[PDB]
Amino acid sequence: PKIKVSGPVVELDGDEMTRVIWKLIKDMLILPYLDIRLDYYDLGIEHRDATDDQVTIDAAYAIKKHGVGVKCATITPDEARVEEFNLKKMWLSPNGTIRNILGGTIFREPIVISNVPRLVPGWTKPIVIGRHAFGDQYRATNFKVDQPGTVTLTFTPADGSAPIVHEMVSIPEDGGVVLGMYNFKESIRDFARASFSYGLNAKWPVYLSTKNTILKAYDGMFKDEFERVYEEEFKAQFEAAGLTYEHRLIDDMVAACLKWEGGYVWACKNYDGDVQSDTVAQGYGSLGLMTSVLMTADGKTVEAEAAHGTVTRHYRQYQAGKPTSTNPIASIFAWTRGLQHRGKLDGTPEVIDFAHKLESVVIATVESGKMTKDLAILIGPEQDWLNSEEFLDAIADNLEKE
């Protein structure tokens, strides 16, 4: 009657509305049906502040040992959060700490649900975007000048052979701006690996965008290392399984994203992934329908969380005792996803089928007219909606019936 989960699931608790909602998932939709070993780590801001953020390093190393992480959305501290919670220091983003201890690439996977319209009716399958987790603009040296002068870019070899000096330009009277940015071959290779691993697992084809027509050397390495990694360690499984890999120019790929139906993993350079991810998420109308999804190169370790944050605005409402309409879908799909990989490693098809059934019940509940406000308004103003508890209860029943 309770399906036995074999290995552990690391559970990373979090903050505000998602913490409220995250417990109700665990108690109504996980814990009834599963006898399961949950390795718990409270990454709620209080408990990170109370351990000076060690709990986060612990949480990461636990994910790393056991291969599965399911995570509630968490507050990233800033000057306002420092005052609100009386933080001892401004603790760094926990995602950053986990990314960094785990390595691996973040993938944004949307959830398609027939009667919830996307802003591009053509879409029909999930468009997954994987975003190089390292480098380019996000590590840039950039600065301004209010005056004339010349700009030089030098590579100094570590073996002491001659510097390679590039004379870039002369900036005129009124000054301007200057920026230098880089990436690593190792990182680039590691980016392709996770990408192919992710596409293999989902059985989606894979695309790389670059702008190698303009940056021949810089983006040539993205193209070259993607093709090497594909050929050496991925091509035979791809072919193989009907799957494919291509490089396309970024200009083609953004048009393609708009035109195609979905069903592929688009690997983007760091900046492209930050931007495109926001085009695709907008398409689906609501972040309650978006997961992400850290997968390692190999791809043995997965960590899943809702792509949205902690829904402070809803939390302020719940705190007053007022009603809320918070979408639980991504959070649930974070859990279902973690369980998926867990039974994969386990290899206990029952945990997997439970994952999938849960998923289907959810899709089925909404394809019925039972939904939270963020979905309803996508449909129309005629469409009424469920408050957060109501929506989870609905799921819970529709799930009970099987």
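When you see a residue number, it is the position in the sequence shown, counting from 1.
Asks: Look up the CA B-factors in the entry and say which stretch, 192 to 200 or 238 to 246, has the higher mean.
Replies: Result of the comparison: 238 to 246.
Asks: Regarding 109 to 117 and 183 to 191, which shows the higher C-alpha temperature factor on average in the entry?
Replies: So the stretch with the higher mean C-alpha B-factor is 109 to 117.
Asks: Out of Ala60, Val362, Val70, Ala50, whose C-alpha atom has the biggest B factor in the entry?
Replies: Of the candidates given, the C-alpha B-factor peaks at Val362.
Asks: Checking the record values for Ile45, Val366, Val55, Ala334, which has the greatest CA B factor?
Replies: It is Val366.
Asks: Grab the CA temperature factor for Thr291 from the record and place it in the lowest, middle or highest third of its chain.
Replies: Middle third, going by the recorded CA B-factors of the chain.
Asks: Would you mind checking where the Cα B-factor of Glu79 ranks among the modelled residues of its chain, as the lowest, middle or highest third?
Replies: Lowest third, going by the recorded CA B-factors of the chain.
Asks: How does the C-alpha B factor of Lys211 compare with the rest of the chain: lowest, middle or highest third?
Replies: Ranked within chain, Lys211 CA B lands in the lowest tercile.
Asks: Sorting the chain's modelled residues by C-alpha B-factor, tell me whether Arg228 ends up in the lowest, middle or highest third.
Replies: According to the entry, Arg228 has a C-alpha B-factor in the chain's middle third.
Asks: What third of the chain, by the recorded C-alpha B-factor, contains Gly135?
Replies: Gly135: CA B-factor falls in the lowest third of its chain.
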